[PDB]
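Cβ atoms come from the backbone with ideal geometry, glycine included; neighbour counts cover every protein chain shown. Only the coordinates and a few stated rules stand behind these numbers; no lab work does.
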Amino acid sequence: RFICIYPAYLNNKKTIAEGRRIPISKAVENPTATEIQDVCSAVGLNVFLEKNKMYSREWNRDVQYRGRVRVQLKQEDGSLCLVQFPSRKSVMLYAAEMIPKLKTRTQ
Amino acid sequence: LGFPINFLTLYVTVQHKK
Amino acid sequence: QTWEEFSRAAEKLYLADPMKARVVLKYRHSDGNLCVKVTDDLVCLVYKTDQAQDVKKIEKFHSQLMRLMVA
Amino acid sequence: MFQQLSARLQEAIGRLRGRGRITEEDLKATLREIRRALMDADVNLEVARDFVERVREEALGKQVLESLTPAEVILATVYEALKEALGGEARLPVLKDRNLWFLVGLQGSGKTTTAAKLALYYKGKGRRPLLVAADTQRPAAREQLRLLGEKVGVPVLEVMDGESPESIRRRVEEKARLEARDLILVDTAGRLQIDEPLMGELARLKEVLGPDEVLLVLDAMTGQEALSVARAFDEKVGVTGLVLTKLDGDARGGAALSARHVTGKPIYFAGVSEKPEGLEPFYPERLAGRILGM
Amino acid sequence: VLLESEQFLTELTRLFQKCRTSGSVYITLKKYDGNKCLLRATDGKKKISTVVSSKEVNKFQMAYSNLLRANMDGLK
Amino acid sequence: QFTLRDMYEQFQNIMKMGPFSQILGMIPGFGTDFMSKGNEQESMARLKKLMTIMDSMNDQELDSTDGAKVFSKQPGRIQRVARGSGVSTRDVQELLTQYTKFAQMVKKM
RNA sequence: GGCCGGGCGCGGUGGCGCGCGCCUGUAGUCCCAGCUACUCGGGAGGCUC
RNA sequence: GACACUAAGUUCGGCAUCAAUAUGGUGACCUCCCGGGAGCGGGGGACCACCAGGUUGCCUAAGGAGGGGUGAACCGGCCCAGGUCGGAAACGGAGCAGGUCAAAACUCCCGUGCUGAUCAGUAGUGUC
RNA sequence: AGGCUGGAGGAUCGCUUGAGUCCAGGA
RNA sequence: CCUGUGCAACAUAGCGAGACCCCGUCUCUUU
RNA sequence: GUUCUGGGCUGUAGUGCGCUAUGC
RNA sequence: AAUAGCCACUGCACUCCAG
RNA sequence: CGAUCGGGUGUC
RNA sequence: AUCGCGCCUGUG
């Protein structure tokens, strides 16, 4: 029941039809499922990385380009896990904003 | 003929993992 | 012509009076030329030549005239 | 497959390599071991004696005594004998424009099962098989094939109780015509022991239907008994080819290695499982080398 | 001078021979009486003549004719 | 001259005669243990996968005197073939290397 | 005692005889060199008063 | 008869052929939402290109919404085997090869404007 | 020796053979 | 048409007067 | 120094009511 | 006022012969 | 510098 | 052009 977050969703180098889900203004260079998980897990979000899954609209097969990330929004009872994270859009955006800060990118 | 043709065909399938 | 005519005239004089006429014949070897003349001291008929072919007839005209004088 | 005899024929041969050069005396000891393994694998005593004698001569002819590695020469010779013993060159029924085959054997032979396996095998080779339950006495027998055909997607015509051969021929010919069948498989009645009356009826059917092939299905786990039956069926009805079923459960392999000499019939197929796909063409070369690990 | 038939011819031959280098040889013929003819020859120095009668004209003319023809070869 | 289409065709003929396969085991002269075991089903599935990769190639690449060369000069082509056949870039270079070794021996044949 | 040829040109000599060239006569000329102040040499034939 | 001039006929060549609009499409791209565990299902705005037949500018000497072609390894659009990806599955997606095309692009032939040359020598008029 | 007549064996003078020689002149 | 001076190293032609010479006749006794 | 007279259709021009004839 | 023939005179090219 | 000029035909 | 286009006529 967790939700799905594919890097294509947060890629500013992709068009709409190519899988982008957020405005280019907020999108990111080349987000990696890893980075996505690393910023989500570090906010109190319950999430696990599906390293080998591949996004259907992703012609490339490389690594930097594949993997999937799963985050728990609601809890079995119904309450959101983190009030500040209603929707999926909420997480996508939060991620798009925090990755360009990861030390590994400011390097 | 049957040897190589069949053996190359065989050796190829094994080596190519996908 | 000249010679054939000439003789006629001469033989005319000889006949007219064969006792008053005479006939001279002048041979000049050097200058090389012959010359016959028949006159009657009242008619000088003369004929000169230098060519060789003319001696024969001149000599005959001479020999003849003589024969009419001795006939 | 024949792990038992395999591991057995192994120690015998592997007992010569690390020696380096061998004496005739050591060769005779190996041959005796080999000969015992064959007998213990229920191989016709006659076939077994001939086998080892053949290996002996061939071995000597290959200058085994004059070899820095005899174990290998003995391997090649023994592999050649097994290959020949198994049938030599692989064979398979020759298909024509239209084919009609009979499946015969005793009960529990794997006959009916093999019947569907053949229909399925040739169905994947571009054929349109028709299965027919020829048992005119037992409805439960035709029912077992009706189910199988229903499992392999192959139509099945069940004869009637006591139906005549002519009636069966007419009916079968018409169906094949209307359904465009090119391979017609006739599963005949399976009984516990040879039933003379049945053989008569099978002979008459054979006469009325005129099958291109008459495959006798023998359960390999019955050993040499399967060969005495093969002779009985050949003398009473007439066999053209053999099918060795339950070879996956065959630990000895006596019937397989003896069919050639004993029956003189070719083994076309081998049953390797109770599943409709558990069939494959008999490959003497394969088994020979397999038994030795080649 | 008056010569005899012969004589005259020899004297005459000379007149030509005595004039081959120069001078003129004259000869005049004439009917004469006081039948005969008077024949005269002169080189200018010496004179000579003869009297020819019908009795000898043939014999005389024979030699006289050869004489004139032979001695007069000197023209063109 | 051994092209990639030529290799494609040989693969078709080899797969076709595979079943058949029973009769072949019933003929002597092939030494001991001819086709046993048992790796004829896996071996054929391999040829079929190589065929699907060549299905992503075009006529120029298939009929080229040296199909491997056409991809050395235009490595962009390798990427396309891989995309269309659901295979990786390395898999296509592997096929190309195998084709190279195959064609070498065919002229040595 | 007269005559035996005439004409023109050149040459010779104090002069005469005379020499050369050309022209031209009668029935009717030959020979010789001489003469020594000279319009003047010598011999032999023929014709005529 | 012989020449001229206007109208004009034949043929092979050359040069050249707008703009701005509504309605409906196709495509591309962006931007907002709802639903959903994925592949997605659903709905609102914006921009650009092109197409179908339809106007008008007050537009040029002409300028028709004509008819083909090619479509490129990929790099136009569709349909997409296989394989690939998401899915337990049903299915769905990206998509090469292959096929295809009112609607990427690029190109011909039409027509239509001037325009050399050619051939005809008719139609009229004029001259001597 | 003289006189007369005739001639015709290299013409001195005069005259003329039906306008002799047609070279020169009459710009 | 008229006028004009010459007609060779014979080579006008004719006539007349008539520059050796040749033939015939007469005389040699007679204002 | 451009035409004295006569004759010769050689050719051209001008003048002479000039005269004769017009496929009997 | 048409055509042909006849001749005569003058001029030019400008000719030839005779006085 | 040959008269009249007109008429008819072929009427460019 | 014979662009006075050509031909005939009559002025006894």
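For chain F, the Cβ-based charge dipole about the Cα centre amounts to some 280 debye (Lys, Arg positive; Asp, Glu negative; other atoms uncharged). Near D:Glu24: Cβ cut-off under 12 Å, other residues only, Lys/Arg at +1 and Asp/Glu at -1. The net charge is 0. Rounded to the nearest 500, the 222 nm mean residue ellipticity of chain A from helices alone is -5500 deg cm²/dmol, with -39,500 (n - 2.57) taken per DSSP H run of at least 4 residues.
Of all DSSP-defined beta bridges confined to chain D, some 10% are antiparallel rather than parallel. Once you have the Kirkwood Rh of the range D:186-294 from its Cα pairs, apply Stokes-Einstein at 37 °C and 0.692 mPa s and quote D in µm²/s. Answer, rounded: 223 µm²/s. Using a cut-off of under 19 Å, list every residue of the range F:41-60 whose amide N is near the label point 7 Å from the Cα of F:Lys16 along the Cα-to-beta-carbon line. Inside the label zone: F:44-52, F:54-55. Per q in 0.26, 0.27 Å⁻¹, report the Debye log10 I(q)/I(0) for chain E, using one uniform scatterer on each alpha carbon and no solvent. Computed log10 I(q)/I(0) values: -1.36, -1.43.
Quick check on chain C: take the gyration tensor over C-alpha atoms, sort the square-rooted eigenvalues as a ≥ b ≥ c, and tell me if it's rounded (a/c under 1.5), prolate or oblate. Note, shape of chain C comes out prolate.
A DSSP coil position with no more than 15 other Cβ atoms inside 10 Å describes the following trypsin sites (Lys or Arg not before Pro) in the range D:72-118: D:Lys96, D:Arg98. Quick query: amide H of D:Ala189 versus all other amide H atoms, modeled in the peptide plane; which residues come in under 5 Å with a sequence gap of 5 or more or a different chain? Counting only residues 5 or more places away or on other chains, the set is D:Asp135, D:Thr136. For the residue pairs A:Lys14/F:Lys48; D:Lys62/D:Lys83; D:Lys28/D:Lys83; D:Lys62/F:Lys101; D:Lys83/F:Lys101, the alpha carbons lie more than 27 Å apart in A:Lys14/F:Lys48; D:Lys62/F:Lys101; D:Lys83/F:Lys101.
Solvent-free Debye calculation, one equal scatterer per alpha-carbon of the range F:5-105: log10 I(q)/I(0) at 0.10, 0.16 Å⁻¹ equals -0.35, -0.75. In the Gaussian network model of chain D, springs joining C-alpha atoms below 10 Å, which of D:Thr240, D:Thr112, D:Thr23 carries the largest mean-square fluctuation? Evaluated over chain D, the most mobile residue of the options is D:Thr23.
Summing charges over all other residues whose Cβ lies under 10 Å from the Cβ of A:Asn12, with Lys and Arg as +1 and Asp and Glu as -1, gives +3. Only one residue of D:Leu183, D:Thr263, D:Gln193 has its Cα farthest out toward the positive end of the dipole of chain D, where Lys and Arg carry +1 and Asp and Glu -1 on Cβ, and that residue is D:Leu183. Charge dipole (Cα centre; +1 on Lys/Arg Cβ, -1 on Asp/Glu Cβ; no other charges) of the protein assembly as shown amounts to roughly 5220 debye. Each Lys and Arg Cβ is given +1 and each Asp and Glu Cβ -1; about its Cα centre, the range D:171-294 then shows a dipole of about 240 debye. Specify the inter-centroid distance of the range A:1-51 and the range D:54-129, based on alpha-carbon positions, in whole Å. So the separation of the two Cα centres works out to 61 Å. Farthest towards the positive end of the charge dipole of the protein assembly as shown, among the residues A:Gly44, C:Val36, D:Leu92, is the Cα of C:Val36, using unit charges on the Cβ of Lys, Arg, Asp and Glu.
Relative to the longest principal axis of the Cα atoms of chain D, the long axis of helix D:165-179 lies at roughly 90 degrees. So what's the back-of-envelope 222 nm ellipticity for chain D, counting only DSSP H runs of four-plus at -39500 (n - 2.57) apiece and dividing by all residues, rounded to 500? It lands at -16500 deg cm²/dmol.
Between F:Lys49, F:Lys37, F:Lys73, the Gaussian network model of chain F with springs among Cα atoms under 10 angstrom shows the greatest mean-square fluctuation at F:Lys37.
I want to make sure I understand the PRE zone here: with the label point 7 angstrom from the Cα of C:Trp3 toward its beta carbon, which residues in the range C:18-37 have backbone N atoms less than 13 Å away? Output list for this probe position: C:34-36. Using the structure shown, select from B:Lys18/D:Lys151; F:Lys16/F:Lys37; D:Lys123/F:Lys107; D:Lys206/F:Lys16 the pairs with a Cα to Cα distance greater than 28 angstrom. Violating the 28 Å limit, Cα to Cα: B:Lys18/D:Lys151; D:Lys123/F:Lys107; D:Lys206/F:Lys16. In order along the range D:93-103, the Karplus-derived 3J(HN,Hα) couplings, from 6.51 cos²θ - 1.76 cosθ + 1.60 at θ = phi - 60°, round to x, 8, 7, 10, 5, 9, 10, 9, 10, 10, 10 Hz, and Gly and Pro are given as x. Could you tell me the center-to-center distance, by alpha carbons, between the range F:1-79 and chain C in angstrom? Cα centroid of the range F:1-79 versus Cα centroid of chain C: 158 Å apart. Each helix, a run of at least 4 DSSP H residues, gives -39500 (n - 2.57); summed and divided by the residues of chain F, these come to -19000 deg cm²/dmol at 222 nm.
Here the Gaussian network model covers chain D, with springs between Cα atoms less than 10 Å apart; of D:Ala29, D:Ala251, D:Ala115, D:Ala29 fluctuates the most.
For chain A, leaving out every one of the GluC sites (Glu not before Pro) that falls in a DSSP loop and has at most 16 other Cβ atoms within 10 Å, the longest unbroken run is A:30-75.
Neighbours of D:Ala71 by Cβ distance under 12 Å: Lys/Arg scored +1, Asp/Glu scored -1, total +1. Where the centroid of each part is defined by its Cα atoms, how far is the range D:150-228 from the range E:2-74 in Å? Going from one Cα centre to the other spans 191 Å.
Using the Cα centre of the range D:49-205 as origin and beta-carbon charges of +1 (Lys, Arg) and -1 (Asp, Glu), tell me which of D:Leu131, D:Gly108, D:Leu75 is placed farthest towards the positive end of the dipole. With unit charges placed on the Cβ atoms, the residue in question is D:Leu131.
Here r is the Cβ-Cβ distance between E:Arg20 and C:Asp17 and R0 is 56 Å; the resulting FRET efficiency, rounded to 0.05, is 0.90. Within chain A, the longest run free of exposed loop sites, counting chymotrypsin sites (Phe, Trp or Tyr not before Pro) that sit outside DSSP helix and strand states (H, G, I, E, B) and have at most 15 other Cβ atoms within 10 Å, spans A:3-58.
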